[PDB]
Amino acid sequence: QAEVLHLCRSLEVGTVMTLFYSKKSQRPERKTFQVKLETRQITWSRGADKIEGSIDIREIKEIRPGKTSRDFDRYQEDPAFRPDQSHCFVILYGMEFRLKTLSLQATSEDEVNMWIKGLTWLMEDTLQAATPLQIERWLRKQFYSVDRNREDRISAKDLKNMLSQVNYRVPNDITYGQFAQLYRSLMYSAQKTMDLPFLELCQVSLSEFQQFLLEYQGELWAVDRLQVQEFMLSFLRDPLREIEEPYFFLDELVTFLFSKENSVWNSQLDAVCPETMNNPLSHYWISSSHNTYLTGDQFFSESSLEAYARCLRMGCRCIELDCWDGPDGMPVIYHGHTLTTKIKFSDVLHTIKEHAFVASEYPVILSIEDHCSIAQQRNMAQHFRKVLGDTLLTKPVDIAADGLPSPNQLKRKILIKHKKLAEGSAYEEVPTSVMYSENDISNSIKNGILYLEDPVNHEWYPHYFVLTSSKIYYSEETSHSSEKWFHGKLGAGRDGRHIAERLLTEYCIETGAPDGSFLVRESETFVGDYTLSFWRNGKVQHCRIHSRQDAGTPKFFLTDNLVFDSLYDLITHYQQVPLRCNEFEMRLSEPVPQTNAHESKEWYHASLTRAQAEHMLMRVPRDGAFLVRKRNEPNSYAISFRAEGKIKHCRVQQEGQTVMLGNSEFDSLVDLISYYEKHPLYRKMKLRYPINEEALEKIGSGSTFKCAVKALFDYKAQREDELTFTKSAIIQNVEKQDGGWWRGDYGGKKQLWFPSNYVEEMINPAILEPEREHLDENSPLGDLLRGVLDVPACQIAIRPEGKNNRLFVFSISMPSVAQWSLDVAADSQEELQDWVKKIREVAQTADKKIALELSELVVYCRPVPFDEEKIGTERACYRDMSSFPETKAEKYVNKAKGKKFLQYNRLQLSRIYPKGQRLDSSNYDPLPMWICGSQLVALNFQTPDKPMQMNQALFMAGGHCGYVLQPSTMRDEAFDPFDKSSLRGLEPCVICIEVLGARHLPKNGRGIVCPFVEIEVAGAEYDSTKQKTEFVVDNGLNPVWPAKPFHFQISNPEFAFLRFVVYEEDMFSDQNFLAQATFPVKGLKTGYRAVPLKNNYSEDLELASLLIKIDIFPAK
């Protein structure tokens, strides 16, 4: 303790260290770093006084000594930026799979050691701070993000804009102390509705609270008043009011109801139970990762050492290595036949050794998919033995055993899963006869990234292409005049003067602007000069700013006043010292902002009906085409856009200085549209193509290969190199150039020139969207599939001169569809020749040695071909294992075969992994595999979908040690996941839940969420069901919900999960994930329980929680 109070102050003051930037463009610079300790943040900026970056300490995952980060590795050949590893350390922090990294370099060794021990103590202390102190640091954090820290107070409009940033909409000056009391009074006021039968500020005593924990919460220990007293003081952590008998204010009780100290999840179950770790390994569910090296999708994402660290530190116990021959005798790890980056086998092994047992004592299994040559396999084996040492399992635990060893017997051991040689042989036995080629990226002629021209904006975008022996699958696309005070020309006469006075008047009255607030415009009367307007005593004042180009140098001046070299210098001067105009003395104060910059934008039409907008946008064959139209009522607009081949509209309202869309508020139409070019507005669609007349006239015209054009007029050749033709003639093989002249073939003459405005280009059908209602759902691209080409019906030609700034282009055409063609670009000449050659070959078709040194390391986890007939017999070997891609496993976890699979899994390991078509790294449902006793159910840990949320829920029992004992009831001969009658007299469970409110729900975009909660039980099919509440309007900070009691009945509570998902109902009646919590049903507490909420990666959201009334029968 005393050491910690001395250590915090040290880092409070801070240090200077150079910072290696994750962005590729940026190069290392120095800043200065400190810990606020009242917000528990790390801050840094330029010099000793500013703020330029921040890190929440509650988000820190790992503080890592050394220079091991990709930020450091970017400059590791640059002699200027090759530091010494002792001088460095890395903070890995965040709430997604890919952590953020602060990669810092301090000179002394002991600055690093102090920071590591400092941040480490704070890291733990912040994570376990009791809820009032966490709420305290949150309020501090919101306050220090506005005009506070300078005048110590904040505006009532700066307070409005802050509450909307934390999901609260006020229907219509203060310091931090009044700010906190405001928040406290607001949360209690908003949710005083809740049924809460056990219930201004009133006081509840030590007696009252103890009575609560016993009659309503089932906390039997609370018959001891002293424990209840130590509980309340453990909540408040107020040193004051501790000598006196503890109490809760009435709003303090409601905050306790929402807090993690009141979680429905019994934290006693976060501990490992060693008593349950004595069955054979086959009896356990084992946390398992698929292609662990990958950070994103299966085709182009980066392989990272950090993913092994992250997965291991999430409690995963089975990880995967795809090993290929590497450049220097040492294997690289990457996903074969794809563009995922390569990492080295030695760096992977040191990462595994480093992090294997940080999160758990229990054994790690390395599943190795091996394509290496024998020699490099041999270096693998030598490296395993040398680096892992006695960590490596290298001989059986028990040579007389008839079952796998227990997790306890394998603690701190790492096991190797690899093909094992037949004893005395040099090939592995391969009794696997599946020439059903899977049709994935593993079994294809060529895979790669190629570029397709957008027909609306004519940019090139990347797409995943896969050529099989019959088809090509291509995917969806992958991965002074600027001055606020210068309003330019507002009109030609009195209208311009009236426009300035309206802008200035409205801005001043609406915002309570100060005197001196001003704008500048081009003079309506004195050509070349400007007029200045500023507010003084509720009246507008106008002043001429003269402009003279005598002596060839710009001279600007107000009448009878000083001379300046630019408009900007004049305005900047008079913002500091007063001007004298209309005989007043005034200083120039606030620039009035322009509210009408949308008027000159491509996407804006002052006069457009809804039908006209639909007609324009239906001509754009891509989603995300859009415009804004003014409407017939004042202060009213609409956005019109294309999504899924349909047209949508939504109203935009101007209210003074802001604009409103749904409940999302913006400064202006321009800032609105600018926001939805960067963030999605409908589903995943951003606004991409602004439609006006010019954009419509330019759609599709990228055609280059045997293009026909229709003659609009008769043309008689005025020269010998010129084409003669009649109106409506079809001119073929047209070479298109700018300058108004094209080349083409007509009436016997070849490649003769004609005026390009005398013809229209024939539509290229390839520019239209492919009909996706009958696309193969299981092509090698999975759900990323956009279009299929039937290769023998195509032909391909290189265009040597390239196209449109792409140098390497070929053209896919179909002889039997005139005018159809795709220009397809590659990144290199070699990549171009390889595609053309392999595609043409496909068109003209109408039709494993293993190194002993490595085989020796496979003790258990020995892959064999799956032998269904060996199950239940003396032939079955507990050391052998088999593997099932998702679709094969689906054939053994159904009503017919599931019991057989359960019998296999009691003795032997089975591994499940996703189907290769899931190129998007999505995940299959793990529960059907688990409920038949499969142990190694490999999911993509990088993907934040429901299967990974179930995985982390399941392994939450045991604190993510990664091994959960399967319940004995389902290692019974009788158990049948598709027949609840085999459960015999296993007692069921009835859960009744009322969702009372929520606090601190996260935002999804700029608006205010309208949240509902879906409550789900997941388990056997006979137990799985969903229910949901209504949604409430415009409140994510403290909503409450109508009375709507839910009932669930669970015949098998030993395999059942309770799941809460908070969704928003958005402005389009779409449902969007906001937060979730999933729990095994066995560890549920009853009464009025908080549901602490997590994000889609299962990482704890700050303060976000539900309050529920949950009652479970039969009573404990």
Side-chain angles (χ1 to χ4, degrees), residues 97 286-296 298 301-314 316-338 340-357 363-388 391-394 413-420 428 442 848 850-851 853-863 881 883 885 909 911-914 916 921 936-942 962:
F97 184 75
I286 318 177
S287 197
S288 290
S289 158
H290 172 252
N291 276 345
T292 319
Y293 50 97
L294 286 186
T295 58
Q298 304 285 305
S301 88
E302 280 189 349
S303 313
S304 178
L305 311 167
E306 309 281 4
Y308 287 107
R310 192 88 160 93
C311 295
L312 290 165
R313 280 164 176 271
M314 299 162 74
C316 175
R317 306 264 61 91
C318 185
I319 57 195
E320 184 161 6
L321 288 61
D322 291 18
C323 301
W324 303 77
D325 285 337
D328 274 322
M330 210 59 184
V332 295
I333 286 169
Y334 83 106
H335 193 192
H337 310 321
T338 80
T340 55
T341 67
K342 281 128 205 165
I343 50 191
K344 278 143 97 180
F345 174 90
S346 202
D347 307 324
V348 166
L349 189 49
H350 287 103
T351 305
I352 283 162
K353 176 198 163 165
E354 199 65 35
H355 305 266
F357 302 108
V364 175
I365 303 160
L366 307 192
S367 157
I368 322 285
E369 208 184 283
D370 191 357
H371 308 262
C372 289
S373 66
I374 306 74
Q376 277 197 49
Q377 289 167 50
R378 216 180 270 118
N379 312 357
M380 271 201 282
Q382 163 215 14
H383 253 271
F384 274 124
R385 312 186 89 126
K386 121 191 181 183
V387 179
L388 290 183
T391 281
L392 188 60
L393 186 76
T394 38
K413 296 299 283 210
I414 286 179
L415 290 65
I416 294 273
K417 167 184 165 292
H418 191 291
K419 325 199 136 151
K420 193 167 175 78
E428 94 271 39
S442 321
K848 217 247 173 208
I850 306 190
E853 289 93 347
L854 172 58
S855 180
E856 280 306 289
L857 297 188
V858 184
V859 182
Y860 311 114
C861 299
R862 323 189 301 200
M881 90 162 272
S883 274
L909 292 190
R911 173 165 196 272
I912 327 292
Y913 59 89
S921 297
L936 306 169
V937 186
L939 308 165
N940 297 301
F941 266 53
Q942 69 265 50

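No hydrogens, no waters, no symmetry mates; every other heavy atom, side chains included, goes into these values. Sequential numbering from 1 along the given sequence is applied to the chain's residues.
The line from SG of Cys316 to CD1 of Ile365 is 10.0 Å long, rounded to the nearest 0.5 Å. Annotation: the span from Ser287 atom OG to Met314 atom CE amounts to 7.5 Å, rounded to 0.5 Å. Note: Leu415 CG to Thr391 OG1 = 11.0 Å, rounded to the nearest 0.5 Å. The distance from the OG1 atom of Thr394 to the CD1 atom of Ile416 is 10.5 Å, given to the nearest 0.5 Å. Atom CD in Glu302 sits 10.0 Å away from atom CD1 in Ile343 (nearest 0.5 Å). For the atom pair CD of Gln382 and CG of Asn379, the computed distance is 6.0 Å after rounding to the nearest 0.5 Å.
In this structure, the side-chain contact (heavy atoms from CB on, under 4.5 Å) partners of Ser304, at least two apart in sequence or on a different chain, are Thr295, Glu306. Listed by chain and residue number, nothing satisfies the side-chain hydrogen bond (donor to acceptor under 3.5 Å, both in side chains) test with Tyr913 (two or more places apart in sequence, or in another chain). Among residues two or more places apart in sequence or in another chain, the salt bridge (charged side-chain N to carboxylate O under 4.0 Å, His left out) test is passed with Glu853 by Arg378. Listed by chain and residue number, nothing satisfies the side-chain hydrogen bond (donor to acceptor under 3.5 Å, both in side chains) test with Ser346 (two or more places apart in sequence, or in another chain). Every residue meeting the salt bridge (charged side-chain N to carboxylate O under 4.0 Å, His left out) condition with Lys413, not counting sequence neighbours, appears here in chain and number order: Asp390.
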Checking ring-ring contact (aromatic ring centres under 6.0 Å, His included) for the pair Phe384/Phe345: CA distance, chi angles, key distance, verdict? CA-CA 10 Å; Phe384 274 124; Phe345 174 90; 5.1 Å; yes
Can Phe97 and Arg310 be said to form a side-chain contact (heavy atoms from CB on, under 4.5 Å), step by step? CA-CA 7 Å; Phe97 184 75; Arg310 192 88 160 93; 3.8 Å; yes
Kindly indicate, with the supporting measurements, whether the criterion side-chain contact (heavy atoms from CB on, under 4.5 Å) is fulfilled by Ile319 and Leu366. CA-CA 5 Å; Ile319 57 195; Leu366 307 192; 3.6 Å; yes
Applying side-chain contact (heavy atoms from CB on, under 4.5 Å), run through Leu909 and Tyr860 and close with a yes or a no. CA-CA 9 Å; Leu909 292 190; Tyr860 311 114; over 6 Å; no
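In this structure, the side chain of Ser288 does not engage the main chain of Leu936 through any donor-acceptor pair within 3.5 Å. Under the 3.5 Å distance criterion, the side-chain polar atoms of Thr340 are left unmatched by any main-chain donor or acceptor of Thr338. Side-chain atoms of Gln377 come within 3.5 Å of backbone N or O of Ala851 as a donor-acceptor pair.
For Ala307 against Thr292, the heavy-atom pair with the smallest separation is CB-O, 3.1 Å. Taking every heavy atom of both residues into account, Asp325 and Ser373 meet most closely at OD1-N, 2.9 Å. Closest approach of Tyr308 to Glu320, counting heavy atoms only: OH-O, 2.8 Å. In this structure, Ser855 and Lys420 approach most closely via the heavy-atom pair O-NZ, 3.1 Å. The two residues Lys417 and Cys861 have their closest heavy-atom pair at CG-O, 3.4 Å. Contact record, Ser367 with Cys318: CB-SG, 4.5 Å, taken as the closest heavy-atom pair.
At least one side-chain heavy atom of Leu388 sits less than 4.5 Å from a side-chain heavy atom of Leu349. At least one side-chain heavy atom of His418 sits under 4.5 Å from a side-chain heavy atom of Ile850. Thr341 has its side chain out of reach of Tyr293: every pair of non-hydrogen atoms, C-beta onward, lies at least 4.5 Å apart. Side-chain contact between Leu857 and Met380 is absent, with no heavy atoms from C-beta onward closer than 4.5 Å. Side-chain contact between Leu294 and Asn940: absent, with no pair of heavy atoms (C-beta onward) separated by less than 4.5 Å. At least one side-chain heavy atom of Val348 sits under 4.5 Å from a side-chain heavy atom of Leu305. Contact check for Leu321 versus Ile352: side-chain heavy atoms found under the 4.5 Å cut-off. The side-chain heavy atoms of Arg317 and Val364, taken from C-beta on, include a pair separated by under 4.5 Å.
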Side-chain donor-acceptor distances from residues 327-335 under 3.5 Å, at least two apart:
| residue | atom | partner | partner atom | Å |
| --- | --- | --- | --- | --- |
| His335 | ND1 | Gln298 | O | 2.8 |

